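What follows is one structure encoded as structure tokens, with my remarks underneath.
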Amino acid sequence: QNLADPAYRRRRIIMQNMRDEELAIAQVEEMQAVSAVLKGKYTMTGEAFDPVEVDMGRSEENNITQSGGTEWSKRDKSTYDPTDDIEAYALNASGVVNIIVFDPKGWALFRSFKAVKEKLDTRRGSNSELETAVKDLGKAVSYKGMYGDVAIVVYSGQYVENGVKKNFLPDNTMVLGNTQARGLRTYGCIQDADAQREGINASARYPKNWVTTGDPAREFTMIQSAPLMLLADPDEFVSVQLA
Amino acid sequence: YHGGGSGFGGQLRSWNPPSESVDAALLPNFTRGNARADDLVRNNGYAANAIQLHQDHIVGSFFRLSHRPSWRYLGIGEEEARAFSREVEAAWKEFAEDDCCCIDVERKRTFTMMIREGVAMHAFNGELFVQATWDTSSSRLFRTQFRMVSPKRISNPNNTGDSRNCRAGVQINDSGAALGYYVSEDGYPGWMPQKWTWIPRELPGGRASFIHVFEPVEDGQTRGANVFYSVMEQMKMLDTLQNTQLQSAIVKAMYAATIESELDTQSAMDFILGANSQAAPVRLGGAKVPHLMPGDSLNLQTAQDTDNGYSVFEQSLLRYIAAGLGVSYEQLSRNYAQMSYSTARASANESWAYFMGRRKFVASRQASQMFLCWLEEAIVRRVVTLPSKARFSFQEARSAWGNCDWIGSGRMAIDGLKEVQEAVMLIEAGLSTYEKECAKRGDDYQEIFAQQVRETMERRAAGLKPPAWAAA
Amino acid sequence: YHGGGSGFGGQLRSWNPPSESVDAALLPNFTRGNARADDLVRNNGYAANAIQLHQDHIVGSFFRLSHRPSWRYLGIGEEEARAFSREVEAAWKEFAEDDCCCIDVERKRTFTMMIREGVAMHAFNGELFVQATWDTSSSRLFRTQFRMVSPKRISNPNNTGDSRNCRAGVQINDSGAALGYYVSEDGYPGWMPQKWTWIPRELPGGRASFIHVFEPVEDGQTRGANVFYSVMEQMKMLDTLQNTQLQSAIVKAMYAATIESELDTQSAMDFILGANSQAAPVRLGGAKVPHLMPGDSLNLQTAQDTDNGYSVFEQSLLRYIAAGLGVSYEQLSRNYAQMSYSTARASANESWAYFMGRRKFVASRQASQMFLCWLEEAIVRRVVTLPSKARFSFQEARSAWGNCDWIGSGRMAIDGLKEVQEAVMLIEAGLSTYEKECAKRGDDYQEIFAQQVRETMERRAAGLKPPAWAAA
Amino acid sequence: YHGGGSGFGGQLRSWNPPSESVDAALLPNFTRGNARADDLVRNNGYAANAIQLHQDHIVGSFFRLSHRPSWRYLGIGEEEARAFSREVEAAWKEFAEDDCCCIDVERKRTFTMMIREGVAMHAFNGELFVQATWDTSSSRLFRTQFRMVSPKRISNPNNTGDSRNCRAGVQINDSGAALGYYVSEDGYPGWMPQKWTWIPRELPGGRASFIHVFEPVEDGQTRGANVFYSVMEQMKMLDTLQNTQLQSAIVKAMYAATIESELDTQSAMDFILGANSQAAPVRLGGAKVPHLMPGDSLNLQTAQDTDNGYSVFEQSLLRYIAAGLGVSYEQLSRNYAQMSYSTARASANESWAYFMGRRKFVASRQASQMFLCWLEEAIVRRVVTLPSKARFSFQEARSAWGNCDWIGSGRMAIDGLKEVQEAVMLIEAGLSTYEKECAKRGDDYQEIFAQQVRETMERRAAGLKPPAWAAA
Amino acid sequence: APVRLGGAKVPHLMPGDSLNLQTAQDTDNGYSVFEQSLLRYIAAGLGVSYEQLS
């Protein structure tokens with residue numbers, strides 16, 4: 001019923017394209033942002049893009065990865081204090097630490113310890129308050145209560161490369177860090193003669209469209225951003241594999 | 001009731017419209033409607049004429065202020081109220097009609113021009129927006145400057161879909177009220193606007209930051225609908241009819257003859273039309289009587305009447321269109337067929353009621369909100385001094401302090417003498433005062449009295465006889 | 001709403017005009033639009049009449065100055081304000097209306113001529129430009145000289161593609177305001193290519209150095225749109241129709257008769273039409289009766305009606321064009337069909353509303369800015385002296401010192417007696433002053449009073465009767 | 001905007017006019033346009049009638065001077081100014097009304113004739129030239145003389161092209177103002193080649209030597225364009241249509257019969273027409289009844305209506321032409337359909353506005369410049385004397401000393417009594433004065449007062465009743 | 001297949017083809033007068049005058 005002239009249909013189709021372009025650019029920005037934190041460096045590559053490799057010097061003493069010794073899975077789930085290692089890992093950071101980010105598998109591994117359970121129900125031995133029970137099951141982020149001083153965060157975001165969905169954080173990593181860490185959000189200069197004729201430069205998401213008068217007609221649409229995500233102090237975080 | 005059935009003999013079995021609110025019937029095709037309305041306004045003789053009639057008769061050439069604060073309610077005293085009103089009117093007159101045109105940000109218009117543009121925007125768009133902003137770096141006396149916004153600019157951010165609270169870029173709270181508007185920036189080189197900026201309707205201090213004026217039709221109507229929607233189809237179809245008729249008349253009147261013969265077409269025109277081969281031109285001097293052999297034959301085509309009744313149909317369609325738009329058929333079509341005085345006066349009255357309604361609502365509301373937004377800063381910067389012994393401060397009762405009535409241009413009567421006679425006869429009796437009659441001519445009676453008082457002494461200085469109004 | 005849908009039966013399926021702002025709808029075809037407007041004005045009977053009506057009714061033959069400074073806002077005193085007004089009016093009347101025509105550098109116009117040119121340019125181009133400059137070589141009292149800049153001159157430099165801040169040769173700052181105008185030199189035959197120069201809108205001292213007048217349609221309109229876009233197509237098509245019809249009438253009336261025979265081409269004309277072989281010319285003296293054989297024949301052609309309904313359809317098109325432009329049909333077409341007094345007065349009112357609007361806006365703004373630009377030299381050059389104890393200096397409130405209202409030419413009434421009776425009866429009552437009544441006839445009332453006060457003395461000296469206005 | 005686009009259905013795909021100023025559109029084809037307009041003025045009745053209307057209504061039968069120097073600025077005094085004005089008016093009235101026609105070198109005109117010719121030559125050519133020289137050998141009171149130069153003479157020397165500083169025979173300085181003019185020689189015979197001279201516009205003292213009067217349209221315009229360019233084509237085509245229709249009517253009405261037979265040409269006319277053999281003339285007496293054998297026949301040929309709708313088409317074209325020229329339709333075509341008083345008065349006033357504008361600009365400016373050129377001599381040769389204690393010398397301010405107002409012939413009202421009644425009604429009230437009323441009849445109130453003061457004495461001495469205006 | 005309404009067109013017909021511009025009757029051939037008669041009848045029946053009814 002209802003229905004519309006072949007022109008309404010063109011306006012609707014034209015929009016959802018704008019939405020998809022914005023979502024793709026936002027995904028690229030977030031992927032750069034996350035990859036800049038987990039490890040010191042991240043590489044930008046493509047099929048038509050000459051590879052460029054941004055590298056911020058992070059000391060080898062960071063990026064702590066568990067090994068045949070000092071791993072949480074193999075060790076007993078009763079009679080063990082996770083809190084002791086956390087302090088040892090966080091000693092390596094420069095500056096205070098005020099937040100912890102868990103991949104949900106890592107969070108399930110961490111809260112399974114009985115000692116951390118004991119730290120919750122002590123009358124005077126701590127001020128930590130968590131929410132061990134289920135809190136969020138559809139949302140991407142779940143701000144759990146402060147554990148001691150630092151806050152506890154579980155992030156399960158999804159970026160889709162090809163048809164298949166993928167998770168951002170790589171399968172139970174834990175990232176110590178500071179909630180006020182100095183991060184830079186740098187946007188370069190767009191390279192389009194039409195844009196520069198218009199007078200615009202160093203802007204994010206310059207949109208345009210044009211008609212190509214081809215055999216089937218056609219008018220396209222294009223967003224171009226040129227993003228670059230930096231970290232002023234790369235060694236303010238401490239990435240842990242936590243296997 | 002046969003209205004809601006199938007019809008007389010099943011003729012209305014297809015006409016089954018859905019019952020929808022104004023929002024669901026207007027918003028999905030809002031932009032196309034606005035675009036078509038603007039297209040008609042720009043490129044039609046009748047649409048531009050209708051807009052010009054709106055602007056010239058609703059508002060006119062000058063749009064003046066009369067400040068009347070409610071003295072009894074505020075409990076301040078009559079004479080102090082009059083003095084305050086005089087100071088405020090002087091200040092506004094100084095600020096309203098600045099020749100440098102600094103009242104608007106773009107420095108292209110004066111006040112009454114802004115009112116005229118507001119009326120026009122309310123004509124073919126259904127709504128008008130004025131934004132009141134400050135210039136901190138400005139070193140003149142009054143910082144407040146107003147900026148016009150076309151309704152094309154206020155739309156959703158980043159091409160989002162219409163939601164319960166945000167419709168067509170206008171945010172709506174739980175009730176029907178509005179909180180703020182999303183305004184883009186239309187830039188000429190290229191299209192597909194880039195960024196959207198949020199600006200609220202009211203500052204936390206109660207000051208007006210965004211002015212939205214329109215008349216609703218139903219319960220919940222986020223944005224208005226222009227007046228052209230009743231006659232958008234008929235005007236386009238009439239334009240097509242006129243252009244096609246003109247082209248057809250040109251083509252039918254273009255072929256004046258037809259030559260039938262057997263010889264070569266050059267010699268056929270040489271021996272019949274009268275040309276020379278020294279196709280080919282034919283000189284238009286004198287008269288000619290060609291000589292024809294039996295095979296030859298000459299035809300002088302005759303065409304149809306150039307206006308075979310198009311002029312009568314056009315009259316009917318213009319009557320329909322003028323009924324839709326609001327202006328009388330006589331003003332819209334410039335016809336003015338021979339008629340009596342009674343019919344002319346009746347048509348003028350029936351248009352006048354509509355024009356006065358429009359002026360009393362749209363232009364008056366816009367002007368009053370502008371005046372109040374200026375008056376808040378005027379009081380704050382102490383260019384004027386409020387009366388003391390005030391029950392309510394300025395913030396508590398804003399409309400009681402800035403209650404103003406505007407006087408626009410007066411009607412031009414068909415008869416010059418009759419209107420003067422009737423005004424004089426009302427003056428002789430107690431039916432009407434001086435203010436009503438001097439307002440019907442676009443005049444503030446206080447200024448007239450001051451001019452008369454100056455002139456009587458001017459005359460007495462030169463030795464002329466005192467005027468009639470002079471007291472003995 | 002069916003306005004924004006497919007339409008009646010899908011007839012409007014292809015009518016999808018793009019929703020674009022005025023800047024993106026005017027500028028891409030600017031020069032061609034202005035050129036077509038000029039071509040229509042330069043080669044049509046009706047367009048030149050419309051321009052002449054605009055010039056003659058908006059302004060007329062004299063455009064007088066009436067200076068009324070705002071003394072209360074400044075606080076100087078009534079007598080000092082009047083002394084200053086009289087002095088400045090005398091100085092301006094000397095400077096404006098010189099017969100040496102040295103107000104503009106080309107020495108070809110007076111002041112009223114310049115106002116009329118401004119109105120005309122605002123008619124068929126949509127915008128007017130005036131450049132105010134100085135001449136240090138001139139030894140006269142006042143060094144101010146003005147100029148008229150054709151809108152074609154001001155364009156983007158070297159035809160470089162358009163930009164964001166610099167649109168169509170007019171520079172725009174971050175807000176909507178304009179700062180400078182790129183204007184080129186114009187030499188028609190050749191020389192070095194056009195050199196585009198910079199001319200700032202206003203000098204550092206606040207003086208106005210470049211003038212641009214046009215009424216906007218939307219929020220942002222960098223350059224104006226002419227009045228002809230509504231009806232440019234129809235006037236061209238009417239021109240084509242009229243020329244084609246006239247040529248067709250000539251062609252149809254040219255071929256008077258027709259001869260069919262079987263003899264030689266000249267013998268048949270010798271024996272039938274009566275020409276002489278002593279084509280073959282025929283003498284028009286007297287009557288003739290040929291002699292024919294069975295083979296021959298003579299036919300007297302009959303042509304269609306020369307004017308078969310073309311007049312009525314031209315009437316319809318002129319009504320449309322008159323609605324589009326603004327002038328009433330009776331003025332544009334010179335028809336003046338049998339109409340009563342009521343219809344004529346109503347049509348005159350319809351024309352006069354628009355003419356008053358244009359006079360109040362276009363010519364008035366140009367004249368006010370010109371007068372202020374001149375008054376700055378005067379005040380500075382001590383040709384006139386400011387009143388004492390001024391609350392503000394001249395540069396602080398320019399509008400305060402130069403607050404002026406201009407008098408144009410009045411209306412020529414359809415019936416002369418009735419308007420005079422109306423004015424007299426209004427004067428007898430208190431509704432209107434002498435200043436307004438004498439202003440509606442284009443007279444300055446102070447000059448009139450001086451005239452009567454001198455005429456009474458002249459009559460007394462010569463021995464005649466005292467006049468009616470004299471005081472016993 | 002559809003005006004600047006392709007058009008309705010692509011019909012305006014080829015309407016692409018050049019964008020060029022008045023110079024690039026006028027100078028290449030100046031002489032051809034002037035020659036065609038002169039052809040139309042010389043060889044068409046209607047255009048000559050329009051020119052006569054221009055001459056008679058713009059100027060009339062007299063062009064009187066009224067000298068009103070601005071005495072207030074000069075600081076000289078009212079009484080000295082009045083005496084100076086009287087003296088200079090008397091001197092001008094005696095100089096320019098010489099029965100021997102010695103104002104102009106050619107001794108063929110008077111002042112009023114010269115002003116009328118200036119107006120006419122403005123009308124059909126677009127400019128008027130007046131050259132001011134001296135005849136040193138002459139022994140008269142004034143040695144100033146003026147020669148009228150036709151615009152055709154001003155041309156580039158040696159018929160070369162237009163250089164940057166010399167357009168169309170007029171020198172142009174760095175600004176648009178003119179500096180000097182190139183004048184050819186009057187060559188009546190084709191042979192005797194022409195000599196080109198050089199005439200500076202102003203003598204080094206500032207006195208006017210060569211006068212150029214014309215109204216510009218755009219910024220830079222070396223020479224103007226005449227009023228006929230709007231309707232050059234239509235008048236020629238109308239003339240061709242008229243001549244062709246008249247010739248066709250004569251041809252169609254010539255052949256009153258046609259003879260069919262099989263006998264000799266002589267005998268067939270003998271037996272049927274009734275001619276005599278002693279082709280064959282026939283005498284018209286009586287009514288004749290021929291006798292026809294079976295083979296013969298006689299056809300009385302029939303023609304169409306002679307005037308089938310030609311008059312209404314002539315009406316439409318004449319309305320168009322009149323609208324182009326500026327004269328009212330009834331003044332141009334002498335039609336005068338049955339019309340009420342209101343319509344006639346409306347038409348007369350609509351033409352009168354234009355006529356008053358033309359008189360105020362063209363004739364007034366030319367006469368003022370000529371009068372200033374004469375007043376320099378009067379002052380220098382001490383024929384008249386300047387008021388003593390003058391602030392400025394004459395040369396420092398020519399306009400102030402020579403400021404003058406001219407009065408033409410007054411209009412002839414449609415109704416005789418109503419104009420007089422309104423004049424008396426105005427004079428009785430204060431809305432006007434004696435000078436303005438006496439000026440509307442083309443009279444000077446001072447002369448009327450002198451005549452009345454003479455008449456009252458003449459009546460009193462002779463024994464008659466004193467006049468109405470006489471004082472007891 | 002839908003035509004485009006813009007323009008003035010002159011078709012080129014082969015000998016077989018043809019084009020017919022139908023002429024219809026007066027869309028109001030005397031209906032107003034019959035309405036007048038019937039409305040006068042109805043007004044006489046109901047009591048209100050003809051002007052006040054029609």
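We name chains A, B, ... following the order of the structure tokens; residues begin at 1 in each chain, and ligands are numbered from 1 as shown.
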_Using only C-alpha atoms and a cut-off of 12 Å, which residues of chain D sit close to chain E? Please list them as a list in words._
residues 7, 8, 9, 10, 11 and 12 of chain D
*Over all Cα atoms in order, fit chain C to chain D and jot down the RMSD to one decimal place.*
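It is 0.5 Å.
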*Which is closer to residue A:132 than all the others in A:112, A:150, A:34, A:65, using only C-alpha atoms?*
A:112
*asked:* Would you compute the distance between atom CA of residue C:410 and atom CA of residue C:441? Give it in Å to one decimal.
replied: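 We find that atom CA of residue C:410 and atom CA of residue C:441 lie 5.1 Å from each other.
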*Using backbone DSSP assignments, extract all strand (DSSP E) residues from stretch 20-221 of chain D; output them as a PyMOL selection string.*
chain D and resi 64-67+128-134+144-149+166-167+170-172+178-183+197-200+210-213
Using C-alpha atoms, can you write the selected residues to a file as a PDB file, in the first residue's frame?
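Below is the file part_30.pdb, written as the result:
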```
ATOM      1  CA  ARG D  64       9.761  82.132 -19.771  1.00  0.00           C
ATOM      2  CA  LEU D  65      12.582  82.800 -17.321  1.00  0.00           C
ATOM      3  CA  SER D  66      12.246  83.145 -13.554  1.00  0.00           C
ATOM      4  CA  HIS D  67      15.467  84.153 -11.790  1.00  0.00           C
ATOM      5  CA  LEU D 128      21.651  67.769 -28.429  1.00  0.00           C
ATOM      6  CA  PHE D 129      24.679  69.962 -29.140  1.00  0.00           C
ATOM      7  CA  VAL D 130      24.891  73.743 -28.741  1.00  0.00           C
ATOM      8  CA  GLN D 131      28.051  75.691 -29.600  1.00  0.00           C
ATOM      9  CA  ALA D 132      28.691  79.086 -27.985  1.00  0.00           C
ATOM     10  CA  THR D 133      30.954  81.479 -29.916  1.00  0.00           C
ATOM     11  CA  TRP D 134      31.498  85.208 -30.499  1.00  0.00           C
ATOM     12  CA  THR D 144      27.353  86.038 -27.683  1.00  0.00           C
ATOM     13  CA  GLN D 145      25.796  83.694 -30.228  1.00  0.00           C
ATOM     14  CA  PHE D 146      24.784  80.040 -30.343  1.00  0.00           C
ATOM     15  CA  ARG D 147      24.825  77.553 -33.222  1.00  0.00           C
ATOM     16  CA  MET D 148      22.875  74.294 -33.256  1.00  0.00           C
ATOM     17  CA  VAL D 149      25.005  71.342 -34.381  1.00  0.00           C
ATOM     18  CA  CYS D 166      38.572  58.985 -28.448  1.00  0.00           C
ATOM     19  CA  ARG D 167      35.175  57.270 -28.719  1.00  0.00           C
ATOM     20  CA  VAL D 170      34.337  62.685 -28.319  1.00  0.00           C
ATOM     21  CA  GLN D 171      37.579  62.969 -26.376  1.00  0.00           C
ATOM     22  CA  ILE D 172      37.561  61.159 -23.021  1.00  0.00           C
ATOM     23  CA  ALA D 178      34.669  64.551 -21.842  1.00  0.00           C
ATOM     24  CA  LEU D 179      37.412  67.017 -22.767  1.00  0.00           C
ATOM     25  CA  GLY D 180      36.787  68.047 -26.382  1.00  0.00           C
ATOM     26  CA  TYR D 181      34.770  67.186 -29.451  1.00  0.00           C
ATOM     27  CA  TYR D 182      35.635  66.504 -33.086  1.00  0.00           C
ATOM     28  CA  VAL D 183      33.377  68.273 -35.587  1.00  0.00           C
ATOM     29  CA  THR D 197      38.205  70.603 -36.691  1.00  0.00           C
ATOM     30  CA  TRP D 198      38.763  70.516 -32.926  1.00  0.00           C
ATOM     31  CA  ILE D 199      36.610  72.331 -30.368  1.00  0.00           C
ATOM     32  CA  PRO D 200      37.440  72.250 -26.641  1.00  0.00           C
ATOM     33  CA  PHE D 210      30.457  73.398 -26.372  1.00  0.00           C
ATOM     34  CA  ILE D 211      27.323  71.922 -24.790  1.00  0.00           C
ATOM     35  CA  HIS D 212      26.353  68.245 -24.717  1.00  0.00           C
ATOM     36  CA  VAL D 213      23.046  67.229 -23.122  1.00  0.00           C
TER      37      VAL D 213
END
```
*Output the contact residues of chain A with respect to chain C at a cut-off of 9 Å, based on only C-alpha atoms, as a ChimeraX atom specification.*
/A:4-7,197-200
*Give the alpha helix (DSSP H) residues of stretch 135-348 of chain C, as assigned by DSSP on the backbone, as a VMD selection string.*
chain C and resid 232 to 254 265 to 271 310 to 325 329 to 333 341 to 348
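Across the model, the gap from atom CA of residue B:272 to atom CA of residue C:304 is 20.2 Å.
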_Give me, as a ChimeraX atom specification, the residues of chain B touching chain D, with the criterion being at most 9 Å (counting only C-alpha atoms)._
/B:39,42-43,240,243,284-288
*Which residues come within 10 Å of residue A:8, counting only C-alpha atoms, excluding same-chain residues fewer than 4 positions away, as a PyMOL selection string?*
(chain A and resi 3-4+12-14) or (chain B and resi 28-29+32) or (chain C and resi 5+16)
Next, the residues of the selection above should be written as a compact mmCIF listing (two decimals), in the first residue's frame with N, CA and C atoms.
```
# COMPACT_ATOMS: atom_id res chain seq x y z
N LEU A 3 3.11 3.32 -1.11
CA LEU A 3 4.13 3.37 -2.15
C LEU A 3 4.46 4.82 -2.51
N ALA A 4 5.56 5.02 -3.23
CA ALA A 4 6.02 6.35 -3.55
C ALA A 4 6.61 6.37 -4.95
N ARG A 12 15.65 8.11 0.07
CA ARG A 12 15.96 7.17 1.13
C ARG A 12 17.25 6.43 0.87
N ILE A 13 17.48 5.98 -0.35
CA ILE A 13 18.67 5.19 -0.61
C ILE A 13 19.87 6.07 -0.38
N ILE A 14 19.79 7.33 -0.73
CA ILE A 14 20.94 8.21 -0.59
C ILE A 14 21.34 8.39 0.85
N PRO B 28 7.06 13.28 5.97
CA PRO B 28 7.82 12.45 5.01
C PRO B 28 8.14 13.13 3.69
N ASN B 29 7.24 13.95 3.16
CA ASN B 29 7.48 14.67 1.92
C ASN B 29 7.58 16.18 2.15
N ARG B 32 10.39 18.08 -0.38
CA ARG B 32 9.92 18.22 -1.76
C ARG B 32 8.85 19.29 -1.86
N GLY C 5 3.27 14.83 -3.28
CA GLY C 5 3.19 13.47 -3.74
C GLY C 5 3.30 13.34 -5.24
N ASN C 16 10.50 17.33 -9.90
CA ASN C 16 11.27 17.19 -8.67
C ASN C 16 12.37 18.25 -8.64
```
*Quick one: everything within 10 Å of residue E:50, counting only C-alpha atoms, minus sequence neighbours fewer than 5 positions away in the same chain. Send it as number ranges by chain.*
E: 36, 39-44
Grab the residues selected above and save them as an mmCIF file, in the first residue's frame with N, CA, C and O atoms.
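Saved as selection.cif:
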```
data_model
loop_
_atom_site.group_PDB
_atom_site.id
_atom_site.type_symbol
_atom_site.label_atom_id
_atom_site.label_comp_id
_atom_site.auth_asym_id
_atom_site.auth_seq_id
_atom_site.Cartn_x
_atom_site.Cartn_y
_atom_site.Cartn_z
ATOM 1 N N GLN E 36 -32.793 25.622 -12.411
ATOM 2 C CA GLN E 36 -33.601 26.753 -11.965
ATOM 3 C C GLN E 36 -35.063 26.360 -11.810
ATOM 4 O O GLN E 36 -35.694 26.686 -10.797
ATOM 5 N N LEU E 39 -35.506 23.922 -8.827
ATOM 6 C CA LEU E 39 -35.277 24.581 -7.548
ATOM 7 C C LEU E 39 -36.407 25.540 -7.212
ATOM 8 O O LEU E 39 -36.763 25.695 -6.041
ATOM 9 N N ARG E 40 -36.988 26.191 -8.218
ATOM 10 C CA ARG E 40 -38.172 26.998 -7.953
ATOM 11 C C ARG E 40 -39.311 26.127 -7.448
ATOM 12 O O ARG E 40 -40.012 26.498 -6.499
ATOM 13 N N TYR E 41 -39.494 24.950 -8.052
ATOM 14 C CA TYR E 41 -40.520 24.026 -7.571
ATOM 15 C C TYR E 41 -40.276 23.642 -6.115
ATOM 16 O O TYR E 41 -41.190 23.691 -5.281
ATOM 17 N N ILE E 42 -39.039 23.257 -5.795
ATOM 18 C CA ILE E 42 -38.719 22.803 -4.444
ATOM 19 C C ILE E 42 -38.903 23.935 -3.441
ATOM 20 O O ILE E 42 -39.409 23.726 -2.332
ATOM 21 N N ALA E 43 -38.488 25.149 -3.808
ATOM 22 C CA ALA E 43 -38.645 26.286 -2.912
ATOM 23 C C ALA E 43 -40.114 26.601 -2.678
ATOM 24 O O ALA E 43 -40.510 26.940 -1.557
ATOM 25 N N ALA E 44 -40.938 26.500 -3.722
ATOM 26 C CA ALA E 44 -42.372 26.683 -3.532
ATOM 27 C C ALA E 44 -42.929 25.635 -2.581
ATOM 28 O O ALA E 44 -43.788 25.935 -1.746
#
```
*Between A:57, A:177, A:183, A:106, which one has atoms that come closest to residue A:155, using only C-alpha atoms?*
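Using only C-alpha atoms, the shortest distance to residue A:155 belongs to A:106.
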*asked:* I'd like the contact shell of residue A:20 - 12 Å cut-off, only C-alpha atoms, skipping same-chain residues fewer than 3 positions apart - returned as a list in words.
replied: residues 13, 14, 15, 16, 17, 23, 24, 25, 26, 27, 221, 222 and 223 of chain A; 158, 159 and 160 of chain B
*Would you mind listing what lies within 6 Å of residue A:238 as number ranges by chain, with only C-alpha atoms counted and same-chain residues fewer than 4 positions away left out?*
A: 62, 175-176
_For atom CA of residue D:218 and atom CA of residue D:21, the interatomic separation in Å (one decimal)_ = 7.4 Å
*Non-local contacts of residue A:191 (12 Å; only C-alpha atoms; under 3 positions in same chain excluded) as a PyMOL selection string*: chain A and resi 188+194-197+199-204+206+224-226
Include N, CA, C and O atoms and write out the residues we just selected as a short mmCIF file (atom, residue, chain, number, x, y, z; two decimals), in the first residue's frame.
```cif
data_model
loop_
_atom_site.label_atom_id
_atom_site.label_comp_id
_atom_site.auth_asym_id
_atom_site.auth_seq_id
_atom_site.Cartn_x
_atom_site.Cartn_y
_atom_site.Cartn_z
N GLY A 188 44.63 14.79 9.64
CA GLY A 188 45.53 15.38 8.66
C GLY A 188 44.83 16.34 7.73
O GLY A 188 43.78 16.90 8.04
N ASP A 194 38.86 19.83 -5.54
CA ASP A 194 37.58 20.49 -5.31
C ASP A 194 37.50 21.05 -3.90
O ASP A 194 37.06 22.19 -3.70
N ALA A 195 37.94 20.28 -2.90
CA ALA A 195 37.90 20.76 -1.53
C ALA A 195 38.79 21.98 -1.34
O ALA A 195 38.40 22.95 -0.69
N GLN A 196 39.99 21.95 -1.91
CA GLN A 196 40.90 23.07 -1.74
C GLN A 196 40.44 24.29 -2.52
O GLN A 196 40.68 25.42 -2.09
N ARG A 197 39.77 24.09 -3.65
CA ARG A 197 39.13 25.21 -4.32
C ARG A 197 38.05 25.82 -3.44
O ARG A 197 37.92 27.04 -3.34
N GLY A 199 38.14 25.89 -0.38
CA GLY A 199 38.87 26.57 0.67
C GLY A 199 39.03 25.80 1.96
O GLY A 199 39.46 26.39 2.96
N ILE A 200 38.72 24.51 1.98
CA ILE A 200 38.70 23.72 3.20
C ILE A 200 39.95 22.85 3.26
O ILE A 200 40.43 22.35 2.24
N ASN A 201 40.51 22.71 4.47
CA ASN A 201 41.67 21.86 4.70
C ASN A 201 41.69 21.48 6.17
O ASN A 201 41.15 22.19 7.02
N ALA A 202 42.34 20.35 6.47
CA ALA A 202 42.47 19.85 7.83
C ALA A 202 41.11 19.75 8.52
O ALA A 202 40.92 20.20 9.65
N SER A 203 40.16 19.15 7.83
CA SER A 203 38.85 18.88 8.38
C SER A 203 38.58 17.38 8.32
O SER A 203 39.10 16.68 7.45
N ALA A 204 37.79 16.90 9.26
CA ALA A 204 37.39 15.50 9.29
C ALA A 204 36.05 15.34 8.58
O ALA A 204 35.15 16.15 8.78
N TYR A 206 35.00 15.26 5.08
CA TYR A 206 34.59 16.13 3.99
C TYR A 206 33.67 15.37 3.03
O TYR A 206 34.14 14.48 2.31
N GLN A 224 35.76 11.42 3.11
CA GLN A 224 37.19 11.20 3.25
C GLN A 224 37.68 11.96 4.48
O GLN A 224 37.32 13.12 4.67
N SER A 225 38.50 11.30 5.30
CA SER A 225 38.82 11.86 6.60
C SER A 225 40.32 12.02 6.85
O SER A 225 40.74 13.05 7.38
N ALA A 226 41.11 11.02 6.50
CA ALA A 226 42.55 11.00 6.77
C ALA A 226 42.86 11.10 8.26
O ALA A 226 43.37 12.13 8.71
#
```
